[PDB]
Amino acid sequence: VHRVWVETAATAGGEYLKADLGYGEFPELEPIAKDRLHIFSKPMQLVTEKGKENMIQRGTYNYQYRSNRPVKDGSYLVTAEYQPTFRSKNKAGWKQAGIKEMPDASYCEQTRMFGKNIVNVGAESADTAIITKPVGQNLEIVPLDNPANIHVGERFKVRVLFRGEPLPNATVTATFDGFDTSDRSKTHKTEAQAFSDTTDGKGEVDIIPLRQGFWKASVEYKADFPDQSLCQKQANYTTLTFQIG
């Protein structure tokens, strides 16, 4: 199904920062369809020393964004958000494979998705003050180091936060653009991951990349919706994208 990630063009100091909203199957960017525009009703955000600022949707396709002004050397974040949507679900009678299951009862589920890209502007930029600060995504991956410092085979430590608190025992997987390309089509999935581990009691996990490239780490979390008088379940899907080498 469709997930949210962010991609940024390589950017030097003094040029506009160009970013793409990915909604679909990594790493293929696709225009946001007519029936999905309402889900992305807020622009992607650029996070700098001054805080969060809206990016400007410009380009050929509606997933393309631009910083309002040219950016100087530094290490920044670009964030995207699938705004909360509600749907009915019922677990009616499907899937199975080993459990009897079945419990006819429709319920409301709220879906939220989040993307975050670490972008180093300038060939030697490896700052941490901005990128290691949580931005307040309901489910968030917070890097604890700058990925520019990470060589193949080394440990890239991240922290998973849920509702502001570290989330233990969450599965974080990671893959890179080009890892799984065989027979890719609209009907054939290429979801293979090059890394998987679970977070510790501090919500932390070390991603160990075995190849250079454009990486995406993923975590998901299903929980009860806060106000049970309005909705029952909440599903969160969050990514962190970054370059290795």
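The first residue of the sequence shown is number 1, and the count goes up from there.
**Q** In the PDB record, does 99 to 107 or 77 to 85 carry the higher mean Cα temperature factor?
**A** It is 99 to 107 that shows the higher mean C-alpha B-factor.
**Q** Taking only the CA atoms, which stretch has the higher mean B-factor in the record, 64 to 72 or 49 to 57?
**A** Result of the comparison: 49 to 57.
**Q** For the listed residues 177, 220, 204, 183, which one has the largest C-alpha B-factor as given in the deposited model?
**A** Checking the PDB record, the top C-alpha B-factor among 177, 220, 204, 183 is at 183.
**Q** Going by the CA temperature factor in the entry, name the top one among 240, 4, 1, 244.
**A** Each of 240, 4, 1, 244 was compared by C-alpha B-factor; the highest is 1.
**Q** When the deposited Cα B-factors of this chain's modelled residues are ordered and cut into thirds, is residue 114 in the lowest, the middle or the highest one?
**A** CA B-factor rank for residue 114: lowest third.
**Q** If you rank the chain by CA B-factor, which third does residue 41 end up in: lowest, middle or highest?
**A** Middle third - that is where residue 41 ends up once the chain's C-alpha B-factors are sorted.
**Q** Rank-wise, by C-alpha B-factor, drop residue 20 into the lowest, middle or highest third of its chain.
**A** For residue 20, the deposited C-alpha B-factor lands in the lowest third.
**Q** Please rank the C-alpha B-factors of the chain's modelled residues and tell me whether residue 194 sits in the lowest, middle or highest third.
**A** For residue 194, the deposited C-alpha B-factor lands in the lowest third.
**Q** What third of the chain, by the recorded C-alpha B-factor, contains residue 173?
**A** Tercile = lowest for this residue's CA B-factor.
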